[PDB]
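Let me begin by presenting the structure, written as C-alpha cells, before commenting on it.
None of the figures in this text is laboratory data; all of them are computed from the coordinates on show. Reconstructed Cβ throughout: ideal geometry from the backbone, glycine too, with neighbour counts over all protein chains shown.
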Amino acid sequence: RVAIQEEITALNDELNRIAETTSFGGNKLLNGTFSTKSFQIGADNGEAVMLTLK
Amino acid sequence: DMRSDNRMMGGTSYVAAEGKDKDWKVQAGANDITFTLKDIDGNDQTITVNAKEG
C-alpha cells in the first residue's frame, strides 16, 4: 500500500504539472488563469463567443 | 478635415458599470433595453430591444 501510495503521489504531481505547464505559446490554459476569453468570429464588432477553460 | 482626431471620424462610447460573466443570463422581466436619441437629420428615435431570455 505504501508503494502504491508513492506511485499515486508521483501521478498526482504529474497531474499538477500538466495543469500548471500546458499553454498556447505561453498562455496558461488548465491552471485556472484562462477564465473566460471571448473569440471574435464575425466580420463586425460584438459578434464574439465566450470560451471558458476550467 | 481628414485628420483622425476629427469629430466625424468617431462618436460616443457608453460602457456599462455592472460587468457580467459566463454564467450570467438575461432574466425574465428585465430583458428590455430602450435607446432614446436624436438621429443625424434631427428627428428623435426610440429603439427598444427585447433581449432573449437565457
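Tell me which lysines have Cα within less than 26 Å of A:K54's Cα, excluding those fewer than 8 residues away on the same chain? The qualifying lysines are A:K28, A:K37, B:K20, B:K22, B:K25. Summing Cβ point charges (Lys, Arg +1; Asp, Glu -1) relative to the Cα centre of the protein assembly as shown gives a dipole of roughly 200 debye. Annotation: extensible slack from A:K28 through A:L11 equals 4.1 nm (criterion: 0.36 nm per residue apart, minus Cα-Cα distance).
Rounded to the nearest 10 degrees, what's the angle between the helix A:2-21 long axis and the longest principal axis of chain A, both from Cα atoms, 0 to 90? Between the helix axis and the principal axis of chain A, the angle is about 20 degrees.
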